[PDB]
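Reading through the structure tokens given below for one structure.
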Amino acid sequence: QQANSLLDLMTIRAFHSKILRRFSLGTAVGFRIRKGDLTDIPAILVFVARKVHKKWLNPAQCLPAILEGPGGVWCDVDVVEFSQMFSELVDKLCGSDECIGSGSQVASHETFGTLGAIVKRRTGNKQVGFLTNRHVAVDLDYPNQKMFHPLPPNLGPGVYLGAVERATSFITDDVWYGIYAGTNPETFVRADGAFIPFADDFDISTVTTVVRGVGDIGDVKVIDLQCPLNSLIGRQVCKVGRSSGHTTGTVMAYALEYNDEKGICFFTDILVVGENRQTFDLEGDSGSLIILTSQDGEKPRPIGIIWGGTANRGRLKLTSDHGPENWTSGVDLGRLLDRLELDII
Amino acid sequence: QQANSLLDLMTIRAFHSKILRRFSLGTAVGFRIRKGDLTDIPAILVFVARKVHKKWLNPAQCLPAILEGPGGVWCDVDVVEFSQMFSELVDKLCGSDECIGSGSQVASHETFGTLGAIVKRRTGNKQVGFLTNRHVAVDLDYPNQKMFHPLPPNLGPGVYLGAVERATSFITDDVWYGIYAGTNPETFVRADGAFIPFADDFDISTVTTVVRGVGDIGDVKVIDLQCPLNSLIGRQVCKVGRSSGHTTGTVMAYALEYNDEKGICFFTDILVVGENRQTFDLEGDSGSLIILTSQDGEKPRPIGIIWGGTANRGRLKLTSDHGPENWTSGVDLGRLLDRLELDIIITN
Amino acid sequence: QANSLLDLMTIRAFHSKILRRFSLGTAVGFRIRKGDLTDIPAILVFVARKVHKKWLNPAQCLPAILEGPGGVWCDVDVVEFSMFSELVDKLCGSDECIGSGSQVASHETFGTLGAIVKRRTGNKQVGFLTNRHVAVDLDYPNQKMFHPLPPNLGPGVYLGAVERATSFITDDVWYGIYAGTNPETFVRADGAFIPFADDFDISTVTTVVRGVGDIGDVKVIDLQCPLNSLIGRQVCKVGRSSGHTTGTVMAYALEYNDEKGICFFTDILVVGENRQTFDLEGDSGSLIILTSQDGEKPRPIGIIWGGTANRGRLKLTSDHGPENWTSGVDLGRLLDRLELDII
Ligand SMILES: Nc1ncnc2c1ncn2[C@@H]1O[C@H](COP(=O)(O)OP(=O)(O)OP(=O)(O)O)[C@@H](O)[C@H]1O
Ligand SMILES: Nc1ncnc2c1ncn2[C@@H]1O[C@H](COP(=O)(O)OP(=O)(O)OP(=O)(O)O)[C@@H](O)[C@H]1O
Ligand SMILES: Nc1ncnc2c1ncn2[C@@H]1O[C@H](COP(=O)(O)OP(=O)(O)OP(=O)(O)O)[C@@H](O)[C@H]1O
């Protein structure tokens, strides 16, 4: 039987992980892509440095057309080559907006990013704070730092938001996905989540729960691994960022697996690409909510958060008379909330 | 009574200099700017590093909307954000023209600039030469620097034009404006002018008094502090430079004040901003004449000279769905001519 | 007169508003006259340049004597503030056994082994103590260490992974008393305990110090003890790059303000002898052992924080050039906080 859900593709990739990684830079699951378009045939996306004809390729590097795993499940094999706009919304999010909400710029003493969303703690005092990344919100040298908006007191005027309380660095793949997606013993998944509660003296009347440029949003869309592939992969999503305004894109790959220079395996949740030849995100967009758009009038639903700028890692080069495109990685929102024990307002 | 002259604005700025200086990057006087459009309400413009809502500013950090001066004069406050064209005219001014005049390129041993205008010495033996900025006209090590056009012989073919006779860099505010512009003694306005006379063997038949791309010009328009603000602020000007060609802009503020790292106050006379989101000038345009646009068919008249490119200092970022716009600083022509004792030439 | 370090600390804290205007740092100890240590207790003040009093306005002229809330008075000392050998080769990885001062290389940086220790509670695992700057990389909280080089850079063996570490501690908890009018007061602990791997061979670990010998128990620093017990005492250290070196303790409870206004505290200040540098780069984490007196076994007193070549040097004004200084963290308080006992 052909693969239908993400779990089958993940199992197939894990079973033949060695062969896929033997002559490749990365692996993921999704739909087969032909001539730059997304089809409806489930398959495994294999990233290579360059694309060449089979004539100049030895049989060792000739990847099999079909990969078959336990239980009779089989899938196709796809080899893919791998290598501040001034607007009213951007100005408002940069310090021109009276209220504070999603997409607002949050600057630390050293780095800056985009405000993720307003959340509340499930247990304890149930303090209301905001959720963001961990590479910008908190510097590793100082575990507990402060938050300033728009800028700290040394760079310019600003107000104090709060201090970092709970943050996550890495999580074992078993805890995150619930299944073993890799044979290497030290498999990790990046969360890059942190919660900063609002200060006691901070006014709460200036906090808004409406996302600028999108409008009202629904409940968090939990990505169930048993759901059909077409449910999540290929759906058009939108994002709001301080330096990128409002952007739209489409998701192509999920659970991208790669290895660093030290051989440690790492996983990325969501892989998306901007639409109409436009880059999905830019520098300073760390902390932008990826939201699945409205369908049949239903309220848009956040599904994840952008990890950060991918321009420093690589680009997706298309082989159909087109230049390389910019891909953006993502981090799951439901699993991050579950780990952080937070509820989105 | 609402102030309507530059003198009142200068008095208000000087009387409350400390308050503005405490949390400002610069001060000027002119017309209030709302949503990127100049208004008719006179106000003192205060320049800040960034613009934020008043809710995230301390009570001492909030500049008052209005201020009062001696005798009952009151004025508003406007906070403003602060942070080679290949053409036939440019080619001709580069050294391919049949005559040398305003806008021509003058190159020293090290740097280059644009000829200001042909002038005549009021006193002495009625020497005839030209006016330009002091920075490029004279080398800091050689008080008497030679002039070449279009390039010095060490860098390319050219002819000798003359030698620097007199130059001025800084002058006390009392002598320049006639009034005390601040509560600082060590206050000096930057004239940055030099008079370079033509060589005895140089041919005067090749000197023309007609500005290329504009036409004939009239007498220098002296700026009076008692005149209405609308006379100078908000008017349209045009300039010709050897690098940017012909460029049109608008005057936005007067008597800009700046503080250096050492704490020495400095003053700039004319503040210009380009039109249609186009830079007023670029590097190498220093010394280009600023000419007020003709009105009701009147002959255009120069109002000042251009100090140089501002790209090495900063830009003002408009907060209306647009990016930073380049601005230019200039020095009053009439006061510089009076100090240097020079007379402009407008006819052959 | 101030006889204990606590009196000097209280005096400095009470008047910590006039010495911070025109000073780069403050500490306590003995007044220095003509380049030599005196016996008069005083508070050391660090200035960029030691100009003459005549060319100094009265506002910038600091008082020479201060009085505390209990009648204690102390003077003011103003000091201007700005190898290939067999032992080194053996310590670099040529020794059959590991021990104090041994080179330990991580995936990014390398450092010196502080001392072999054990945990008081729990499994009481046996490991070693070092600095977090080298042993711990925060973009990889659990890092691996190899001696003398990591596999990617050369031959080596697996030692273990960092389990517990401390970077900053509140001043009240560390010293026990409020040392500053500032609440964002922090003290740089910089101590990480790495336990030996289960498969690691424990027969190759020695508690003897190369170039020094056997050492006794850790000598805890008591703020109530006379300054002579700690200030002006000779100390020695063994570093991977600097071999065996000796120096003298100069200052205690040094305070420094960063560019962001956050104050930080360093415990021990040491200076090399004979105009020789106390330590070089890569010697961070080396133990500081008090010189043996009257035949008593040497007792370590702290751990070197790191090289000061990137932080400045002590400039003297007696026909001599600047002398490099070294910063250290008290061993007793760090061990108490981290619950570790030196074997
Ligand atoms: N290791 C490799 N190095 C270089 N080129 C390779 C390597 N492995 C495969 N290729 C080339 O990449 C091709 C992958 O084809 P794939 O199945 O991904 O695409 P397709 O659906 O046939 O069409 P399209 O080219 O439009 O994507 C292989 O046929 C071979 O030409
Ligand atoms: N020191 C300061 N730093 C930053 N922002 C400031 C400072 N002082 C005032 N502001 C902000 O700048 C605003 C000044 O507005 P301005 O004087 O330009 O009036 P306006 O013409 O009504 O405004 P606009 O140009 O936005 O149409 C103040 O209302 C406050 O929001
Ligand atoms: N803020 C300052 N900046 C520069 N120099 C200063 C400052 N305050 C004091 N001084 C100078 O430093 C001297 C401090 O001398 P100090 O306290 O070390 O006495 P001393 O031990 O007798 O002197 P010495 O070390 O020269 O033998 C003051 O007498 C004055 O000359």
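In the structure tokens, chains take the letters A, B, ... in the order shown, each chain's residues start at 1, and ligands count up from 1 in the order shown.
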- request: At a cut-off of 7 Å, list the chain B residues touching chain A, using only C-alpha atoms, as an NGL selection string.
  value: :B and (52-53 or 56-57 or 319-323)
Could you give me the residues within 7 Å of ligand 3, counting only C-alpha atoms and all ligand atoms, as a ChimeraX atom specification?
-> /C:22-23,31-35,47,49-53,60-62,64,76-79
Q.
I want to know what sits within 8 Å of range 115-117 of chain B, based on only C-alpha atoms, with residues of the same chain fewer than 3 positions away left out; could you give that as a ChimeraX atom specification?
A. /B:101-106,130-133,287-289,305,344
Keeping N, CA and C atoms, export the residues of the selection given above as a PDB file, in the first residue's frame.
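The file below, out-v6.pdb, is the result:
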```
ATOM      1  N   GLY B 101      32.545  77.907 -16.746  1.00  0.00           N
ATOM      2  CA  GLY B 101      31.744  78.804 -15.936  1.00  0.00           C
ATOM      3  C   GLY B 101      31.152  78.081 -14.750  1.00  0.00           C
ATOM      4  N   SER B 102      29.953  78.502 -14.356  1.00  0.00           N
ATOM      5  CA  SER B 102      29.280  77.884 -13.222  1.00  0.00           C
ATOM      6  C   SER B 102      28.994  76.416 -13.511  1.00  0.00           C
ATOM      7  N   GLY B 103      29.244  75.563 -12.517  1.00  0.00           N
ATOM      8  CA  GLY B 103      29.031  74.140 -12.651  1.00  0.00           C
ATOM      9  C   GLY B 103      30.191  73.370 -13.245  1.00  0.00           C
ATOM     10  N   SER B 104      31.252  74.050 -13.669  1.00  0.00           N
ATOM     11  CA  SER B 104      32.399  73.367 -14.243  1.00  0.00           C
ATOM     12  C   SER B 104      33.192  72.643 -13.158  1.00  0.00           C
ATOM     13  N   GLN B 105      33.905  71.600 -13.576  1.00  0.00           N
ATOM     14  CA  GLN B 105      34.706  70.807 -12.654  1.00  0.00           C
ATOM     15  C   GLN B 105      36.075  71.447 -12.461  1.00  0.00           C
ATOM     16  N   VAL B 106      36.457  71.650 -11.203  1.00  0.00           N
ATOM     17  CA  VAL B 106      37.766  72.178 -10.842  1.00  0.00           C
ATOM     18  C   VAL B 106      38.455  71.154  -9.953  1.00  0.00           C
ATOM     19  N   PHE B 130      36.876  83.189  -9.486  1.00  0.00           N
ATOM     20  CA  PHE B 130      35.683  82.405  -9.203  1.00  0.00           C
ATOM     21  C   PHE B 130      35.651  82.052  -7.722  1.00  0.00           C
ATOM     22  N   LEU B 131      34.482  81.592  -7.285  1.00  0.00           N
ATOM     23  CA  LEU B 131      34.233  81.231  -5.896  1.00  0.00           C
ATOM     24  C   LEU B 131      33.926  79.743  -5.797  1.00  0.00           C
ATOM     25  N   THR B 132      34.407  79.117  -4.727  1.00  0.00           N
ATOM     26  CA  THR B 132      34.179  77.697  -4.499  1.00  0.00           C
ATOM     27  C   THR B 132      34.331  77.416  -3.010  1.00  0.00           C
ATOM     28  N   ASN B 133      34.163  76.147  -2.650  1.00  0.00           N
ATOM     29  CA  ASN B 133      34.327  75.736  -1.262  1.00  0.00           C
ATOM     30  C   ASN B 133      35.806  75.664  -0.896  1.00  0.00           C
ATOM     31  N   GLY B 287      30.144  72.952  -3.909  1.00  0.00           N
ATOM     32  CA  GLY B 287      30.357  74.226  -4.560  1.00  0.00           C
ATOM     33  C   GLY B 287      29.341  74.580  -5.624  1.00  0.00           C
ATOM     34  N   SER B 288      28.441  73.664  -5.968  1.00  0.00           N
ATOM     35  CA  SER B 288      27.397  73.956  -6.941  1.00  0.00           C
ATOM     36  C   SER B 288      26.462  75.040  -6.418  1.00  0.00           C
ATOM     37  N   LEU B 289      26.089  75.960  -7.303  1.00  0.00           N
ATOM     38  CA  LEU B 289      25.218  77.060  -6.918  1.00  0.00           C
ATOM     39  C   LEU B 289      23.782  76.580  -6.738  1.00  0.00           C
ATOM     40  N   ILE B 305      25.311  78.470  -1.901  1.00  0.00           N
ATOM     41  CA  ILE B 305      26.145  77.438  -2.498  1.00  0.00           C
ATOM     42  C   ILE B 305      25.951  76.146  -1.718  1.00  0.00           C
ATOM     43  N   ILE B 344      29.143  89.285  -7.700  1.00  0.00           N
ATOM     44  CA  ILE B 344      28.790  88.298  -8.712  1.00  0.00           C
ATOM     45  C   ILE B 344      28.697  88.961 -10.084  1.00  0.00           C
TER      46      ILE B 344
END
```
ask   = Within 6 Å of ligand 2, counting only C-alpha atoms and all ligand atoms: which residues, as a PyMOL selection string?
value = chain B and resi 23+33-35+48+50-54+61-63+77-80
### Task
For ligand 1, list the contacting residues at 9 Å or closer, counting only C-alpha atoms and all ligand atoms, as a ChimeraX atom specification.
/A:23-24,32-37,45-57,60-63,65,76-81,318-320
* Go through range 148-198 of chain C and collect every residue that DSSP, computed from the backbone, puts in strand (DSSP E or B); the answer should be as a list in words. => residues 148, 156, 157, 158, 159, 160, 161, 164, 165, 166, 167, 168, 169, 170, 185, 186, 187, 188, 189, 190, 191, 192, 193, 194 and 195 of chain C
**Request:** Compute the set of chain A residues within 9 Å of chain C, using only C-alpha atoms, and express it as a VMD selection string.
**Result:** chain A and resid 109 140 to 142 154 169 to 170 262
- Item | Contacts of range 339-341 of chain A at 10 Å (only C-alpha atoms; same-chain gap of 3+ positions) as a PyMOL selection string | chain A and resi 119-123+131+166-168+171+175-176+191+193-195+333-336
Might you pull out every residue within 9 Å of range 293-306 of chain A, with only C-alpha atoms counted and same-chain residues fewer than 5 positions away left off, and present them as a count of residues only?
-> 33
Nearby residues (only C-alpha atoms) at most 10 Å from residue 245 in chain B, same-chain spacing under 4 positions excluded, as a list in words: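 Returned residues: residues 84, 85, 86, 87, 88, 89, 90, 91, 93, 103, 212, 213, 239, 240, 241, 280, 281, 282 and 285 of chain B.
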Taking the DSSP secondary structure from the backbone, can you list the residues of range 91-339 of chain C that are helix (DSSP H, G or I), as a PyMOL selection string? chain C and resi 91-94+132-135+171-175+202-204+227-229+331-338
Export of the given selection (C-alpha atoms) as a PDB file, in the first residue's frame:
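Okay, result-v1.pdb is ready:
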```pdb
ATOM      1  CA  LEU C  91      51.580  18.148  30.204  1.00  0.00           C
ATOM      2  CA  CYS C  92      50.585  18.601  26.544  1.00  0.00           C
ATOM      3  CA  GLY C  93      49.756  14.887  26.303  1.00  0.00           C
ATOM      4  CA  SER C  94      53.120  13.142  26.624  1.00  0.00           C
ATOM      5  CA  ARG C 132      32.623  26.783  31.726  1.00  0.00           C
ATOM      6  CA  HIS C 133      34.130  28.963  28.981  1.00  0.00           C
ATOM      7  CA  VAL C 134      36.117  25.985  27.642  1.00  0.00           C
ATOM      8  CA  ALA C 135      34.259  22.909  28.897  1.00  0.00           C
ATOM      9  CA  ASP C 171      26.677  38.677  45.743  1.00  0.00           C
ATOM     10  CA  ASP C 172      24.652  38.227  48.939  1.00  0.00           C
ATOM     11  CA  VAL C 173      24.636  34.436  48.570  1.00  0.00           C
ATOM     12  CA  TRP C 174      28.324  34.278  47.629  1.00  0.00           C
ATOM     13  CA  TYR C 175      29.952  36.651  50.125  1.00  0.00           C
ATOM     14  CA  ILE C 202      40.419   5.391  36.515  1.00  0.00           C
ATOM     15  CA  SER C 203      43.855   3.845  37.125  1.00  0.00           C
ATOM     16  CA  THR C 204      45.507   6.624  35.074  1.00  0.00           C
ATOM     17  CA  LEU C 227      44.702  40.644  55.529  1.00  0.00           C
ATOM     18  CA  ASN C 228      48.248  39.370  56.106  1.00  0.00           C
ATOM     19  CA  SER C 229      46.964  35.785  55.926  1.00  0.00           C
ATOM     20  CA  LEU C 331      37.846  27.636  45.389  1.00  0.00           C
ATOM     21  CA  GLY C 332      36.087  27.159  48.728  1.00  0.00           C
ATOM     22  CA  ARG C 333      32.918  29.088  47.926  1.00  0.00           C
ATOM     23  CA  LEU C 334      32.673  27.550  44.452  1.00  0.00           C
ATOM     24  CA  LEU C 335      33.045  24.056  45.923  1.00  0.00           C
ATOM     25  CA  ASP C 336      30.414  24.780  48.577  1.00  0.00           C
ATOM     26  CA  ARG C 337      27.970  26.100  45.970  1.00  0.00           C
ATOM     27  CA  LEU C 338      28.607  23.191  43.585  1.00  0.00           C
TER      28      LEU C 338
END
```
Item to complete: Can you work out the spacing between CA of residue 15 in chain B and CA of residue 261 in chain B in Å, to one decimal?
Response: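 It comes out at 22.9 Å.
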Neighbour list for residue 285 in chain C as a PyMOL selection string, cut-off 6 Å, only C-alpha atoms, skip fewer than 2 positions in-chain: chain C and resi 112+114+130-131+303-305
Students should find that CA of residue 249 in chain A and CA of residue 41 in chain A are spaced 20.6 Å
